[PDB]
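J.: The structure's right below; bear with me while I get my questions together.
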Ligand SMILES: COc1ccc2c(n1)[C@@H](C(=O)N1CCC[C@H](C(N)=O)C1)CC2
Ligand SMILES: [Zn+2]
């Protein structure tokens, strides 16, 4: 579990979104596993605007932060789940690191701020849904 709070927005994994997220829906993309809902309170999260390939992510299954090298956002095939059929997930970045179901929502950060959130994983690989291109989060 986990979300990004920037300005009047809440950024969560689409497959973990609540009824309130859908009642106050701003944008969603099933192909990215992203959903953005509106909030009343202000958000204090700086979103990175960069091409960084190194960062730090929070892994709640270990209650630890791990430094990682990660790939550029791309189309990667993701196996079937109770939320999605077998499809290519866009804007996804992989890293070598620990992840298990329950880690989705862990923020990935670089020196510039929030890069993305855990979305996939398995076999020593962790996948992150990129958010740096959503310039409308900051404006
Ligand atoms: C987060 O780490 C892991 C590790 C192992 C495993 C997972 N997640 C789970 C996972 O990746 N997905 C299920 C929920 C939706 C996901 C998506 N973005 O399409 C895919 C399946 C096993
Ligand atoms: Zn950055």
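All residue numbers here begin at 1 and follow the chain in the order shown.
The backbone N, Cα and C atoms fix where each Cβ goes, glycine too.
Okay, so Swiss-Prot annotates it like this:
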ACT_SITE  15  active site, for protease 2A activity
ACT_SITE  33  active site, for protease 2A activity
BINDING   50, 52, 110, 112  Zn(2+) 1 binding site
ACT_SITE  104  active site, for protease 2A activity
J.: Using DSSP reduced to three states, classify residue 110 (Zn(2+) 1 binding site) as helix, strand or coil.
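T.: For residue 110 (Zn(2+) 1 binding site) - judged by DSSP and reduced to three states - the answer is strand.
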J.: Using the alpha carbons only, what distance in Å do you get between residue 33 (active site, for protease 2A activity) and residue 112 (Zn(2+) 1 binding site) once rounded?
T.: 23
J.: Which residues, same chain and not among 50, 52, 110, 112, have a CB within 8 angstroms of the centroid of the CB atoms at the recorded Zn(2+) 1 site?
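T.: Near the Zn(2+) 1 site, beyond 50, 52, 110, 112, sit 48, 49, 51, 55, 111, 113, 115, 132.
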J.: Here are the recorded positions: 15, 50, 52, 104, 110. Which has the lowest count of other Cβ atoms within 10 Å?
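T.: Across 15, 50, 52, 104, 110, these recorded positions, the one with fewest Cβ atoms within 10 Å is 50.
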J.: Filter the candidate list 33, 50, 52, 110, 112 of recorded positions, keeping only entries whose CB is under 6 Å from an atom of ligand 2.
T.: 50, 52, 110, 112
